[PDB]
>>> print(open('data.txt').read())   # compact mmCIF, N, CA and C atoms
# COMPACT_ATOMS: atom_id res chain seq x y z
N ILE D 54 -64.04 7.43 85.48
CA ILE D 54 -64.63 8.76 85.47
C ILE D 54 -64.80 9.26 86.90
N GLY D 55 -64.90 10.59 87.02
CA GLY D 55 -65.31 11.25 88.24
C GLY D 55 -64.39 11.17 89.44
N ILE D 56 -63.17 11.71 89.32
CA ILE D 56 -62.25 11.88 90.44
C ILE D 56 -61.57 13.24 90.30
N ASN D 57 -61.48 13.97 91.41
CA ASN D 57 -60.91 15.31 91.42
C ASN D 57 -59.70 15.36 92.35
N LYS D 58 -58.79 14.40 92.20
CA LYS D 58 -57.70 14.04 93.10
C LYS D 58 -58.20 13.24 94.29
N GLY D 59 -59.48 12.92 94.35
CA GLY D 59 -60.03 12.13 95.43
C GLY D 59 -61.48 11.80 95.16
N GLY D 60 -62.08 11.10 96.12
CA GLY D 60 -63.47 10.69 95.99
C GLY D 60 -64.43 11.85 95.82
N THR D 61 -65.22 11.82 94.76
CA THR D 61 -66.16 12.90 94.46
C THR D 61 -67.28 12.36 93.58
N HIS D 62 -68.47 12.92 93.74
CA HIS D 62 -69.65 12.53 92.98
C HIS D 62 -70.04 13.70 92.07
N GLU D 63 -69.79 13.54 90.77
CA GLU D 63 -70.09 14.59 89.80
C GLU D 63 -70.09 13.98 88.41
N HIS D 64 -70.51 14.79 87.43
CA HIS D 64 -70.59 14.33 86.05
C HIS D 64 -70.08 15.38 85.06
N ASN D 65 -69.08 16.15 85.45
CA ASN D 65 -68.46 17.11 84.54
C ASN D 65 -66.94 17.10 84.69
N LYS D 66 -66.35 15.92 84.80
CA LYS D 66 -64.90 15.81 84.96
C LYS D 66 -64.46 14.40 84.62
N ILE D 67 -63.41 14.29 83.81
CA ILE D 67 -62.79 13.02 83.44
C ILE D 67 -61.29 13.12 83.68
N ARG D 68 -60.71 12.02 84.16
CA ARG D 68 -59.27 11.93 84.41
C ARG D 68 -58.60 11.06 83.36
N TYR D 69 -57.39 11.45 82.97
CA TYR D 69 -56.50 10.57 82.24
C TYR D 69 -55.07 10.89 82.65
N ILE D 70 -54.14 10.08 82.18
CA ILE D 70 -52.72 10.26 82.44
C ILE D 70 -51.99 10.21 81.10
N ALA D 71 -51.31 11.30 80.75
CA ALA D 71 -50.40 11.32 79.62
C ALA D 71 -48.98 11.25 80.17
N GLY D 72 -48.22 10.27 79.70
CA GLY D 72 -46.96 9.97 80.34
C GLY D 72 -47.18 9.27 81.67
N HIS D 73 -46.34 9.60 82.65
CA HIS D 73 -46.49 9.11 84.01
C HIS D 73 -46.95 10.21 84.97
N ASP D 74 -47.69 11.20 84.46
CA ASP D 74 -48.22 12.28 85.27
C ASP D 74 -49.70 12.46 84.97
N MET D 75 -50.50 12.57 86.03
CA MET D 75 -51.95 12.63 85.92
C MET D 75 -52.40 14.01 85.44
N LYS D 76 -53.52 14.03 84.73
CA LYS D 76 -54.01 15.24 84.07
C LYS D 76 -55.52 15.35 84.28
N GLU D 77 -56.14 16.32 83.61
CA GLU D 77 -57.57 16.58 83.69
C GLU D 77 -58.16 16.78 82.30
N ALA D 78 -59.48 16.64 82.23
CA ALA D 78 -60.26 16.92 81.03
C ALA D 78 -61.73 16.99 81.43
N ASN D 79 -62.58 17.28 80.45
CA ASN D 79 -64.00 17.48 80.70
C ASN D 79 -64.80 16.28 80.19
N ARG D 80 -65.77 15.84 81.00
CA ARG D 80 -66.60 14.70 80.61
C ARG D 80 -67.53 15.03 79.45
N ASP D 81 -68.03 16.27 79.38
CA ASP D 81 -69.03 16.62 78.38
C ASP D 81 -68.52 16.43 76.95
N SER D 82 -67.21 16.38 76.75
CA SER D 82 -66.64 16.11 75.44
C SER D 82 -66.46 14.63 75.16
N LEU D 83 -66.74 13.76 76.13
CA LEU D 83 -66.61 12.32 75.91
C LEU D 83 -67.72 11.81 75.01
N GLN D 84 -67.34 10.98 74.04
CA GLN D 84 -68.30 10.45 73.08
C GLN D 84 -67.89 9.05 72.66
N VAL D 85 -68.84 8.12 72.72
CA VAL D 85 -68.68 6.77 72.20
C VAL D 85 -69.74 6.55 71.14
N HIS D 86 -69.32 6.09 69.96
CA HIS D 86 -70.27 5.92 68.86
C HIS D 86 -69.78 4.85 67.90
N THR D 87 -70.70 3.99 67.47
CA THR D 87 -70.47 3.04 66.40
C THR D 87 -70.64 3.73 65.05
N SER D 88 -70.78 2.95 63.98
CA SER D 88 -71.00 3.47 62.63
C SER D 88 -72.00 4.62 62.60
N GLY D 89 -73.06 4.52 63.40
CA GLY D 89 -74.03 5.59 63.53
C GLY D 89 -73.82 6.41 64.79
N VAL D 90 -74.53 7.54 64.85
CA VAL D 90 -74.43 8.44 66.00
C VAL D 90 -75.04 7.75 67.22
N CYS D 91 -74.31 7.78 68.33
CA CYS D 91 -74.67 7.05 69.53
C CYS D 91 -74.78 8.00 70.72
N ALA D 92 -75.38 7.50 71.80
CA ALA D 92 -75.67 8.30 72.98
C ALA D 92 -75.28 7.55 74.25
N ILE D 93 -75.02 8.30 75.31
CA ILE D 93 -74.61 7.76 76.60
C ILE D 93 -75.70 8.06 77.62
N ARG D 94 -76.14 7.02 78.34
CA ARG D 94 -77.17 7.20 79.36
C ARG D 94 -76.60 7.78 80.65
N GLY D 95 -75.69 7.05 81.29
CA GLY D 95 -75.11 7.46 82.55
C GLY D 95 -74.13 6.43 83.06
N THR D 96 -72.95 6.88 83.47
CA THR D 96 -71.84 5.98 83.75
C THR D 96 -71.21 6.32 85.09
N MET D 97 -70.40 5.40 85.59
CA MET D 97 -69.66 5.62 86.83
C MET D 97 -68.47 4.67 86.85
N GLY D 98 -67.33 5.18 87.30
CA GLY D 98 -66.12 4.39 87.39
C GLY D 98 -65.53 4.05 86.03
N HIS D 99 -64.89 2.88 85.97
CA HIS D 99 -64.15 2.45 84.79
C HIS D 99 -65.04 2.13 83.60
N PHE D 100 -66.35 2.02 83.80
CA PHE D 100 -67.24 1.42 82.82
C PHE D 100 -68.16 2.46 82.20
N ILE D 101 -68.43 2.29 80.91
CA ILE D 101 -69.35 3.12 80.15
C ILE D 101 -70.48 2.22 79.66
N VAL D 102 -71.70 2.50 80.10
CA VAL D 102 -72.85 1.66 79.81
C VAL D 102 -73.88 2.49 79.05
N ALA D 103 -74.37 1.96 77.93
CA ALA D 103 -75.30 2.73 77.11
C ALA D 103 -76.02 1.82 76.13
N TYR D 104 -77.10 2.35 75.57
CA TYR D 104 -77.70 1.80 74.36
C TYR D 104 -76.90 2.27 73.16
N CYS D 105 -77.03 1.54 72.04
CA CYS D 105 -76.35 2.03 70.85
C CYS D 105 -76.95 1.34 69.64
N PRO D 106 -77.14 2.04 68.52
CA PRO D 106 -77.69 1.39 67.32
C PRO D 106 -76.71 0.38 66.75
N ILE E 54 -90.96 28.51 65.56
CA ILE E 54 -89.65 29.12 65.39
C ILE E 54 -89.84 30.61 65.11
N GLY E 55 -88.76 31.36 65.27
CA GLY E 55 -88.73 32.75 64.86
C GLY E 55 -89.76 33.63 65.55
N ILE E 56 -89.94 33.45 66.85
CA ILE E 56 -90.85 34.26 67.64
C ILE E 56 -90.11 34.74 68.88
N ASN E 57 -90.17 36.04 69.14
CA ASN E 57 -89.50 36.69 70.26
C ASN E 57 -90.50 37.53 71.04
N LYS E 58 -91.63 36.92 71.39
CA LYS E 58 -92.82 37.60 71.91
C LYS E 58 -93.47 38.49 70.86
N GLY E 59 -93.20 38.20 69.59
CA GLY E 59 -93.79 38.96 68.50
C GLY E 59 -93.28 38.42 67.18
N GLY E 60 -93.89 38.91 66.10
CA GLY E 60 -93.50 38.48 64.77
C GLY E 60 -92.13 39.01 64.39
N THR E 61 -91.31 38.13 63.82
CA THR E 61 -89.98 38.51 63.38
C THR E 61 -89.46 37.46 62.39
N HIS E 62 -88.76 37.94 61.37
CA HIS E 62 -88.09 37.08 60.39
C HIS E 62 -86.59 37.15 60.65
N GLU E 63 -86.01 36.03 61.05
CA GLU E 63 -84.65 36.00 61.57
C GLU E 63 -84.15 34.55 61.54
N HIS E 64 -82.93 34.34 62.04
CA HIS E 64 -82.32 33.01 62.00
C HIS E 64 -81.53 32.66 63.26
N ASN E 65 -81.70 33.39 64.37
CA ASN E 65 -80.89 33.13 65.56
C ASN E 65 -81.70 33.23 66.85
N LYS E 66 -83.00 32.98 66.79
CA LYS E 66 -83.86 33.06 67.97
C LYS E 66 -84.88 31.93 67.92
N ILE E 67 -84.69 30.93 68.78
CA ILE E 67 -85.63 29.83 68.95
C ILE E 67 -86.11 29.82 70.39
N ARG E 68 -87.41 29.56 70.57
CA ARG E 68 -88.02 29.49 71.89
C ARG E 68 -88.30 28.03 72.22
N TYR E 69 -87.86 27.60 73.40
CA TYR E 69 -88.28 26.33 73.97
C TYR E 69 -89.01 26.60 75.28
N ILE E 70 -90.12 25.89 75.48
CA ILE E 70 -91.04 26.16 76.58
C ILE E 70 -90.95 25.01 77.57
N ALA E 71 -90.41 25.30 78.76
CA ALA E 71 -90.40 24.38 79.88
C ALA E 71 -91.33 24.91 80.95
N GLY E 72 -92.24 24.07 81.42
CA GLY E 72 -93.24 24.55 82.36
C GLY E 72 -94.19 25.52 81.69
N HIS E 73 -94.75 26.43 82.50
CA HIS E 73 -95.69 27.43 82.03
C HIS E 73 -95.03 28.78 81.75
N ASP E 74 -93.76 28.79 81.39
CA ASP E 74 -93.01 30.01 81.13
C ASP E 74 -92.41 29.97 79.73
N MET E 75 -91.76 31.07 79.35
CA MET E 75 -91.08 31.18 78.06
C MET E 75 -89.58 31.29 78.29
N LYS E 76 -88.80 30.69 77.39
CA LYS E 76 -87.36 30.62 77.55
C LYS E 76 -86.68 30.94 76.23
N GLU E 77 -85.41 31.32 76.32
CA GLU E 77 -84.60 31.70 75.17
C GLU E 77 -83.61 30.59 74.81
N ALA E 78 -83.37 30.44 73.51
CA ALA E 78 -82.42 29.46 73.00
C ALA E 78 -81.98 29.90 71.60
N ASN E 79 -80.94 29.24 71.09
CA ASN E 79 -80.32 29.61 69.82
C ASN E 79 -80.69 28.59 68.75
N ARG E 80 -81.05 29.09 67.56
CA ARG E 80 -81.38 28.23 66.43
C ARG E 80 -80.18 27.45 65.90
N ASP E 81 -78.96 27.93 66.15
CA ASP E 81 -77.78 27.29 65.58
C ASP E 81 -77.66 25.83 66.01
N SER E 82 -78.20 25.48 67.17
CA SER E 82 -78.14 24.11 67.65
C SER E 82 -79.24 23.22 67.07
N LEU E 83 -80.15 23.77 66.28
CA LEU E 83 -81.24 22.97 65.72
C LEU E 83 -80.71 22.06 64.62
N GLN E 84 -80.74 20.76 64.87
CA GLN E 84 -80.28 19.76 63.91
C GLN E 84 -81.27 18.61 63.87
N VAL E 85 -81.67 18.23 62.66
CA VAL E 85 -82.48 17.05 62.42
C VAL E 85 -81.64 16.06 61.62
N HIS E 86 -81.68 14.79 62.02
CA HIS E 86 -80.88 13.79 61.31
C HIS E 86 -81.40 12.39 61.60
N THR E 87 -81.52 11.59 60.55
CA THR E 87 -81.72 10.15 60.66
C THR E 87 -80.37 9.48 60.89
N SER E 88 -80.28 8.17 60.66
CA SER E 88 -79.00 7.47 60.67
C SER E 88 -77.91 8.30 60.00
N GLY E 89 -78.19 8.81 58.79
CA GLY E 89 -77.35 9.82 58.20
C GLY E 89 -77.82 11.23 58.53
N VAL E 90 -76.92 12.20 58.38
CA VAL E 90 -77.27 13.58 58.70
C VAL E 90 -78.19 14.14 57.62
N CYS E 91 -79.24 14.84 58.05
CA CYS E 91 -80.18 15.45 57.12
C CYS E 91 -79.65 16.82 56.68
N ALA E 92 -80.43 17.52 55.86
CA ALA E 92 -80.08 18.85 55.38
C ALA E 92 -81.28 19.77 55.54
N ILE E 93 -81.11 20.82 56.34
CA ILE E 93 -82.18 21.78 56.61
C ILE E 93 -82.19 22.86 55.54
N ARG E 94 -83.38 23.16 55.02
CA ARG E 94 -83.53 24.10 53.92
C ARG E 94 -83.85 25.52 54.39
N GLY E 95 -84.69 25.64 55.41
CA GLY E 95 -85.21 26.93 55.84
C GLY E 95 -86.70 26.82 56.08
N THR E 96 -87.15 27.20 57.28
CA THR E 96 -88.49 26.88 57.74
C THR E 96 -89.15 28.11 58.34
N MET E 97 -90.41 27.96 58.76
CA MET E 97 -91.16 29.06 59.35
C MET E 97 -92.26 28.47 60.22
N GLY E 98 -92.37 28.97 61.45
CA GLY E 98 -93.44 28.57 62.35
C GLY E 98 -93.31 27.14 62.86
N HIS E 99 -94.47 26.48 62.98
CA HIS E 99 -94.54 25.14 63.54
C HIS E 99 -93.91 24.08 62.66
N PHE E 100 -93.56 24.40 61.42
CA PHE E 100 -93.25 23.41 60.40
C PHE E 100 -91.76 23.37 60.11
N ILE E 101 -91.26 22.19 59.74
CA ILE E 101 -89.90 22.02 59.25
C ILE E 101 -89.98 21.40 57.86
N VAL E 102 -89.07 21.81 56.98
CA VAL E 102 -88.97 21.24 55.64
C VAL E 102 -87.51 20.96 55.35
N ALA E 103 -87.23 19.79 54.77
CA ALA E 103 -85.83 19.42 54.63
C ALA E 103 -85.65 18.31 53.60
N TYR E 104 -84.45 18.28 53.03
CA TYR E 104 -83.93 17.07 52.41
C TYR E 104 -83.29 16.18 53.46
N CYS E 105 -83.14 14.90 53.12
CA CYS E 105 -82.44 13.98 54.01
C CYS E 105 -82.18 12.66 53.31
N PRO E 106 -81.03 12.04 53.53
CA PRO E 106 -80.78 10.70 53.00
C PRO E 106 -81.71 9.69 53.64
>>> encode(input="data.txt", output="structure tokens")
Amino acid sequence: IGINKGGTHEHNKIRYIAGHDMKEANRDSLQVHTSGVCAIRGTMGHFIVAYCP
Amino acid sequence: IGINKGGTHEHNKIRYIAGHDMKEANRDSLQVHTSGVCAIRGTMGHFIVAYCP
């Protein structure tokens, strides 16, 4: 998470690559959830850390 | 619910109070849910009434 073609500190941007070309997307649409509705505390880099039912 | 600095019967005006001021918000985002999603019937004032699994 959190790269804008370079080092940056923010929480409204996610990167992915479709094919062999890099792309963009929005972090606010990111969601991780088990059988029940789940929530995200706060993450940085490759890892997503949270509580979850 | 349903107060816009005065009495009104409506479905798209919710007030949330941060600090010692008054603020505007939309009722459409009001959702109550346990592990399963609940069902809102229609409410008035300080009270909520609903079915829910």
>>> calpha_fit_rmsd(input="data.txt", fixed="chain D", moving="chain E")
0.7 Å
>>> closest_atom_pairs(input="data.txt", of="chain D", to="chain E", cutoff="8 Å", atoms="only N, CA and C atoms", output="CSV")
residue,atom,partner,partner_atom,distance
D:88,C,E:88,C,7.4
D:89,CA,E:88,C,5.9
D:90,N,E:88,C,6.0
>>> atom_distance(input="data.txt", atom1="atom CA of residue E:84", atom2="atom C of residue D:77")
28.9 Å
>>> residues_around(input="data.txt", residues="residue D:94", least_positions_apart="4", cutoff="9 Å", atoms="only C-alpha atoms", output="compact mmCIF listing (two decimals) with N, CA and C atoms, in the coordinates of the input")
# COMPACT_ATOMS: atom_id res chain seq x y z
N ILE D 101 -68.43 2.29 80.91
CA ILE D 101 -69.35 3.12 80.15
C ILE D 101 -70.48 2.22 79.66
N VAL D 102 -71.70 2.50 80.10
CA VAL D 102 -72.85 1.66 79.81
C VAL D 102 -73.88 2.49 79.05
N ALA D 103 -74.37 1.96 77.93
CA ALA D 103 -75.30 2.73 77.11
C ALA D 103 -76.02 1.82 76.13
N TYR D 104 -77.10 2.35 75.57
CA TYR D 104 -77.70 1.80 74.36
C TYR D 104 -76.90 2.27 73.16
>>> atom_distance(input="data.txt", atom1="atom CA of residue E:58", atom2="atom C of residue E:75")
9.5 Å
>>> atom_distance(input="data.txt", atom1="atom CA of residue D:68", atom2="atom N of residue D:98")
10.9 Å
>>> residues_near_point(input="data.txt", point="(-68.4, 8.5, 87.8)", cutoff="7 Å", atoms="all atoms listed in the file", output="MDAnalysis selection string")
chainID D and resid 54:56 62:64 96:99
>>> select_by_dssp(input="data.txt", residues="chain D", states="strand (DSSP E or B)", output="compact mmCIF listing (two decimals) with N, CA and C atoms, keeping the file's coordinate frame")
# COMPACT_ATOMS: atom_id res chain seq x y z
N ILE D 56 -63.17 11.71 89.32
CA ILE D 56 -62.25 11.88 90.44
C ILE D 56 -61.57 13.24 90.30
N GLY D 60 -62.08 11.10 96.12
CA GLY D 60 -63.47 10.69 95.99
C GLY D 60 -64.43 11.85 95.82
N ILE D 67 -63.41 14.29 83.81
CA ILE D 67 -62.79 13.02 83.44
C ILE D 67 -61.29 13.12 83.68
N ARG D 68 -60.71 12.02 84.16
CA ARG D 68 -59.27 11.93 84.41
C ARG D 68 -58.60 11.06 83.36
N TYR D 69 -57.39 11.45 82.97
CA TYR D 69 -56.50 10.57 82.24
C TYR D 69 -55.07 10.89 82.65
N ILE D 70 -54.14 10.08 82.18
CA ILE D 70 -52.72 10.26 82.44
C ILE D 70 -51.99 10.21 81.10
N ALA D 71 -51.31 11.30 80.75
CA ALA D 71 -50.40 11.32 79.62
C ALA D 71 -48.98 11.25 80.17
N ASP D 74 -47.69 11.20 84.46
CA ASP D 74 -48.22 12.28 85.27
C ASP D 74 -49.70 12.46 84.97
N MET D 75 -50.50 12.57 86.03
CA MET D 75 -51.95 12.63 85.92
C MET D 75 -52.40 14.01 85.44
N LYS D 76 -53.52 14.03 84.73
CA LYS D 76 -54.01 15.24 84.07
C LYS D 76 -55.52 15.35 84.28
N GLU D 77 -56.14 16.32 83.61
CA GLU D 77 -57.57 16.58 83.69
C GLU D 77 -58.16 16.78 82.30
N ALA D 78 -59.48 16.64 82.23
CA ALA D 78 -60.26 16.92 81.03
C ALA D 78 -61.73 16.99 81.43
N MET D 97 -70.40 5.40 85.59
CA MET D 97 -69.66 5.62 86.83
C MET D 97 -68.47 4.67 86.85
N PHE D 100 -66.35 2.02 83.80
CA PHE D 100 -67.24 1.42 82.82
C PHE D 100 -68.16 2.46 82.20
>>> residues_near_point(input="data.txt", point="(-62.0, 17.8, 87.5)", cutoff="6.5 Å", atoms="only N, CA and C atoms", output="MDAnalysis selection string")
chainID D and resid 56:57 65:67 77:78
>>> axis_aligned_box(input="data.txt", around="stretch 55-71 of chain D", padding_each_side="8 Å", output="JSON")
{"center_x": -59.8, "center_y": 13.6, "center_z": 87.9, "size_x": 37.6, "size_y": 23.0, "size_z": 32.5}
